Amino acid sequence: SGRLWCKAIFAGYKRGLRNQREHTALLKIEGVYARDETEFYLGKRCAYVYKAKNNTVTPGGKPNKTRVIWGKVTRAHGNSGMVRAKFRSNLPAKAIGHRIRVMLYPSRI
Amino acid sequence: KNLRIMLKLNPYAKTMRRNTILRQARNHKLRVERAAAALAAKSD
Amino acid sequence: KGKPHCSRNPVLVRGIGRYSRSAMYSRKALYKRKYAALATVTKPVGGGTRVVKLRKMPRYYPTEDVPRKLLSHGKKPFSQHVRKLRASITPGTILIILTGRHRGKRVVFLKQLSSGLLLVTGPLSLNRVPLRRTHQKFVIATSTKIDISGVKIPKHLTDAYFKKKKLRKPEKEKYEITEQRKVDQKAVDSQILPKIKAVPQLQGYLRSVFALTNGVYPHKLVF
Amino acid sequence: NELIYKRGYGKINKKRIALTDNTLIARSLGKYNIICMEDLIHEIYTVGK
Amino acid sequence: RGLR
Amino acid sequence: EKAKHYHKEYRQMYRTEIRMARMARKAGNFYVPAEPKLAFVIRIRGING
Amino acid sequence: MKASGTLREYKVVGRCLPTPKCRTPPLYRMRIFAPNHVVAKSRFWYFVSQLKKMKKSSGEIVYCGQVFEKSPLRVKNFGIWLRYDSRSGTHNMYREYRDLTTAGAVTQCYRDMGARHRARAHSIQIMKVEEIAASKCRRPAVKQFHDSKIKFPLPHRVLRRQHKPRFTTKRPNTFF
Amino acid sequence: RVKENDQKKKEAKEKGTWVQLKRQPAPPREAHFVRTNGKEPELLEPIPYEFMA
RNA sequence: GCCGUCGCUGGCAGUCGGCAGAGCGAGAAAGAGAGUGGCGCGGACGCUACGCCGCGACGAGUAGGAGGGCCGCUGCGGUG
RNA sequence: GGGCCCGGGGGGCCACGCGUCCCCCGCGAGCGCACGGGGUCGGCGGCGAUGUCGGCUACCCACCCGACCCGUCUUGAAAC
RNA sequence: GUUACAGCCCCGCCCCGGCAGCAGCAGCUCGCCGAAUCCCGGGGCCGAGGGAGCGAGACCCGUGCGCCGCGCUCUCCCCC
Ligand SMILES: [Mg+2]
Ligand SMILES: [Mg+2]
Ligand SMILES: [Mg+2]
Ligand SMILES: [Mg+2]
Ligand SMILES: [Mg+2]
Ligand SMILES: [Mg+2]
Ligand SMILES: [Mg+2]
Ligand SMILES: [Mg+2]
């Protein structure tokens with residue numbers, strides 16, 4: 001057993017300087033510091049995973065306090081390896097600076 | 001982008017594309033044979 | 001009637017044949033192939049006989065009905081779709097499963113089933129993964145390959161073989177490994193296992209799970 | 001070619017109609033013997049009569 | 001006529 | 001068959017220009033091609049002011 | 001004209017439009033350095049108009065074509081005669097460069113004129129470009145490379161991969 | 001132009017020919033050859049600045 | 001993609017059924033013409049025409065104008 | 001080069017009935033696949049009665065971006 | 001000082017002296033292009049519309065894969 005996902009950070013939303021598009025999140029992936037290296041991560045699943053007070057059903061398990069918002073990488077952002085991600089719901093601003101799991105599927109290798 | 005849409009507007013496009021494919025493949029077959037002969041010639 | 005003949009126009013690229021109209025005209029010899037211009041069943045009855053309508057008018061009609069859809073093309077059912085396989089997944093390839101209870105385990109790819117799902121085996125004795133279907137999008141195809149070209153996979157191992165059977169509840173109902181599956185597992189394993197042990201340190205490699213660790217980045221490393 | 005195939009729309013009864021079929025060209029410019037996209041591309045490209 |  | 005004909009016509013136009021230039025360069029002269037008959041125009045500015 | 005990218009050398013030939021007075025007007029040629037041929041023709045009409053009673057309306061371009069460097073693999077010294085407008089006058093300069101192509105030398109002149117004199121390309125007229133022998137060069141910057149046994153080290157080599165890694169344990173070494 | 005038009009229209013009609021009657025804007029010049037006559041074009045260079053004050 | 005406005009002063013009375021016969025979108029005027037001589041009993045919806053349907057373009061707004069409100073309030077004749 | 005790429009002595013043609021006169025020298029049938037007038041599956045999996053499922057909006061809270069108090073006269077109002 | 005114990009530039013004759021190659025997988029020495037242009041793949045967003053008919057026909061009452069565009073096979077006979 002061991003980790004099966006890459007470590008990312010929720011850097012912020014899509015934006016100009018004074019307008020914010022919350023439907024797109026900018027993700028920073030550990031070890032990906034150029035745009036030509038982001039190609040592996042396009043289309044891969046992304047998960048904002050967190051905990052709440054109330055229990056919720058777990059697929060393949062019993063209810064617990066873990067919750068997840070799923071998404072996926074949609075395209076690269078910039079020159080230094082940032083990617084754009086989209087989630088089933090806009091990410092909460094409290095998630096900025098926190099871990100975003102990037103899964104190794106859908107596999108293309 | 002859509003082949004059968006093109007043929008509806010310009011049926012001759014099928015002839016041009018078939019000719020291009022056959023010509024390009026034929027021109028590629030010559031360059032390899034030319035190149036292969038040169039490499040064999042050098043080995044001599 | 002005549003027996004069907006294979007198409008005389010080989011495919012150059014999808015939708016474009018090798019030969020033109022006149023070229024095909026001759027190849028097909030069309031210069032000589034010229035051509036020129038119940039609803040009821042009677043039944044006896046113990047009147048003498050009744051004319052019986054095979055299909056009866058509806059006994060009910062809803063207050064409203066939906067109209068007919070417009071006709072489309074190219075929307076096939078699933079069973080008629082073309083199946084694709086990554087070129088990196090050849091029989092004997094070692095794959096890393098990414099989902100399910102068997103995630104991270106390294107398994108041997110046997111064949112791609114008609115539905116398009118892959119068939120794999122651990123083998124069971126090495127990592128407790130049986131003959132099991134897996135989806136290709138959820139596996140990483142490593143570059144390690146054993147030669148299973150001489151392995152005879154039973155032919156009944158099909159999509160219907162591996163489809164789940166429903167279990168009912170009113171307490172709980174438990175899945176049972178049918179004795180046939182155990183027999184099938186041994187038959188296939190007995191041929192793959194000796195070929196795995198031929199490669200040094202490969203059986204131990206298949207026992208070991210895949211995980212990402214510190215400083216290890218999937219885009220950088222070769223599988 | 002590309003301008004008229006990808007982004008070519010006819011002005012037919014003062015409406016903007018994609019030139020998805022050849023009859024669209026023929027009904028309007030047929031009197032000038034322009035009856036297909038190729039006749040339309042040849043009239044534009046060579047600046048015909 | 002010729003075709004038939 | 002009109003498209004088949006235009007294909008030939010376009011090729012002759014393309015090849016004819018090259019042949020006129022080559023024969024002028026041979027004689028030490030200059031072949032000056034005809035000024036273009038066709039222009040494509042794109043508006044690159046907005047509508048304010 | 002914007003001195004965009006590396007300039008090319010164009011051979012532009014033009015003449016007055018023939019008229020009943022002169023059915024065969026004389027032909028004129030210029031050396032033009034420009035980013036593209038469209039700019040090259042534009043600058044031609046700007047120069048001939050300053051020397052002749054001619055302009056685009058009453059003349060035509062007879063030949064526009066790129067002149068290719070003839071010895072792109074040989075190092076040469078280029079003398080350049082140019083004039084330019086400063087904030088408060090016009091001046092004639094003679095400058096020298098070492099390069100493999102004559103259009104490369106002319107590009108260096110535009111960057112150099114911009115660096116040392118804040119002269120925009122629109123205020124520079126390259127009058128003449130010649131290849132000069134080592135014994136005829138005048139500028140000591142060019143002459144110091146006329147040494148058959150030239151040698152020199154590369155002191156204080158600065159780390160240019162300063163963000164790969166962005167954080168490291170060892171400090172960089174500048175001596176090699 | 002009317003009289004020239006009316007004359008040409010009448011004349012062309014009895015010859016069974018078509019002659020242009022409408023004016024046209026000056027068209028782009030057509031391709032032609034320019035003979036060098038074995039003479040290289042005269043090279044032109046910008047002149048040096050001179051303060052003729 | 002959806003909403004509305006405008007335009008086509010666009011289309012639909014043809015739901016013409018066993019007293020039956022289903023079409024008139026198509027490059028290029030005008031007839032799915034009329035004749036005279038040489039087994040089952042069946043076939044969705046529609047059409048408040050102030051209705052319903054299609055196609056294309058368009059949409060800033062103070063002062064100000066106009067339209068539509070199955071917006072809201074009180075009372076009167078009818079109706080429920 | 002142009003002349004259906006003029007006339008004579010290995011590879012593609014949106015040539016392929018005929019009696020002719022002669023310039024020149026009006027309906028074949030079926031069957032099938034589809035880059036074809038806008039999406040379908042004739043493809044699947046998990047979970048569920050006391051702690052869980054869904055509930056845009058609404059109640060409270062948090063965070064990120066945005067954000068000056070209206071009416072008015074006024075060329076100009078968040079206006080000290 | 002002038003090819004020697006290195007080389008460089010130029011010019012005449014050597015088929016533009018001869019051979020590869022050719023805007024070069026010496027994956028960057030310098031361009032513009034595609035009727036002189038085709039093939040394959042990957043990621044993202046989206047699915048608006050809902051009676052398009054086909055053929056049998058007044059000897060038939062079928063069937064919901066139908067237009068236009070592109071193909072295949074049979075109604076011939078042989079061979080692998
Ligand atoms: Mg946890
Ligand atoms: Mg402005
Ligand atoms: Mg408005
Ligand atoms: Mg703020
Ligand atoms: Mg006031
Ligand atoms: Mg005031
Ligand atoms: Mg105010
Ligand atoms: Mg104030």
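Chain letters run A, B, ... following the sequence lines, proteins first and then strands; every chain starts at 1. Note: hydrogens, waters and symmetry copies are ignored here, and every other heavy atom, side chains too, is used.
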Quiz item: Where the side chain of E:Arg1 is concerned, which of J:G42, J:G17, K:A36 is the nearest nucleotide?
Solution: J:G17

Quiz item: Between C:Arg33 and K:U75, does any side-chain N or O lie under 4.0 Å from OP1 or OP2?
Solution: yes

Quiz item: For I:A57, which nucleotide in any strand shown is its Watson-Crick or wobble partner with both distances under 3.5 Å?
Solution: I:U5

Exercise. Give the nucleotide from the list I:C39, K:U73, K:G42 with an atom nearest to the side chain of C:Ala39.
Key: I:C39

Quiz item: Starting at the 5' end of RNA chain I, which residue's closest nucleotide do you reach first, D:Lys15 or C:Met57?
Solution: C:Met57

Self-check item: Watson-Crick or G-U counterpart of J:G9, or none if no pair lies under 3.5 Å
Solution: none

Quiz item: Under the rule that ring centres be under 5.5 Å apart and planes under 30 degrees, are J:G45 and J:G46 stacked?
Solution: yes

Quiz item: Mind checking if K:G64 and K:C65 stack, meaning centres of the six-membered rings less than 5.5 Å apart and planes less than 30° off?
Solution: no

Practice problem: Report the pucker family of J:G46 (north if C1'-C2'-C3'-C4' is positive, south if negative). | Solution: north

Practice problem: Evaluate J:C70 against J:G48 for Watson-Crick or G-U wobble pairing; both distances have to be shorter than 3.5 Å. | Solution: no

Quiz prompt | is_pair(I:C8, I:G54) Watson-Crick or wobble, both dists under 3.5 angstrom | solution = yes

Quiz prompt | Rounded P spacing from I:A29 to K:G51 in Å | solution = 33 Å

Self-check item: Partner nucleotide, any strand, of K:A58 [Watson-Crick/G-U, under 3.5 Å]
Solution: none

Practice problem: State whether C:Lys75 places a side-chain N or O below 4.0 Å from either non-bridging phosphate oxygen (OP1 or OP2) of J:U40. | Solution: no

Exercise. Have a look at the sugar of I:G10 and report north or south, taking a positive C1'-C2'-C3'-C4' as north and a negative one as south.
Key: north

Exercise. Counting heavy atoms from C-beta on, name the nucleotide in K:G51, K:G69, K:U63 closest to the side chain of C:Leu70.
Key: K:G51

Quiz item: Expressed in angstrom and rounded to an integer, what is the separation of A:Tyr41 atom OH from K:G43 atom P?
Solution: 17 Å

Practice problem: Please tell me which of the listed nucleotides, K:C74, K:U75, J:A34, lies nearest to the side chain of C:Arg8? | Solution: K:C74

Practice problem: Report yes if a side-chain nitrogen or oxygen of A:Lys72 is closer than 4.0 Å to either non-bridging phosphate oxygen (OP1 or OP2) of K:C45; otherwise report no. | Solution: yes

Quiz item: Would A:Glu39 and A:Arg108 pass as an ion pair if we require N to O under 4.0 Å?
Solution: yes

Practice problem: Determine the contact category for B:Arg31: base if any of its heavy atoms lies under 4.0 Å from a base atom, sugar-phosphate if only primed atoms, P, OP1 or OP2 are that close, otherwise nothing. | Solution: sugar-phosphate

Run the side-chain donor-acceptor check on residues 82-95 of chain A: report pairs under 3.5 Å with partners two or more places apart or on a different chain.
residue	atom	partner	partner atom	Å
A:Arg84	NE	A:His77	ND1	3.1
A:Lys94	NZ	A:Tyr48	OH	3.4

Quiz item: Given a cut-off of 3.5 Å on both distances, is K:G43 paired to K:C10 by Watson-Crick or G-U wobble rules?
Solution: no

Quiz item: Quick one: are the ring centres of A:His98 and A:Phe10 less than 6.0 Å apart?
Solution: no

Exercise. Using the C1' atom on both, measure K:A52 against I:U48 and round to a whole Å.
Key: 30 Å

Practice problem: Could you tell me whether the side chain of G:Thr101 and the main chain of G:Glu69 form a donor-acceptor pair under 3.5 Å? | Solution: no

Quiz item: Nearest to the side chain of A:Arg108 - K:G42, J:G39, K:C72?
Solution: K:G42

Self-check item: Adjacent-base stacking, I:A20/I:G21, criteria 5.5 angstrom and 30 degrees
Solution: yes

Quiz item: Which part of the nucleic acid does F:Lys4 contact within heavy-atom distance under 4.0 Å: base, sugar-phosphate only, or nothing?
Solution: nothing

Quiz item: Which sugar class, north or south, is indicated for I:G23 by the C1'-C2'-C3'-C4' dihedral?
Solution: north

Exercise. For nucleotides I:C71 and J:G66, find the distance between their P atoms and express it as a whole number of Å.
Key: 40 Å

Quiz item: Which letters describe nucleotides 51-64 of chain J, given B = protein heavy atom under 4.0 Å from base, S = only from sugar-phosphate, - = neither?
Solution: -SS---------BB

Self-check item: From K:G44, K:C74, J:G28, nucleotide with atom closest to A:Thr74 side chain
Solution: K:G44

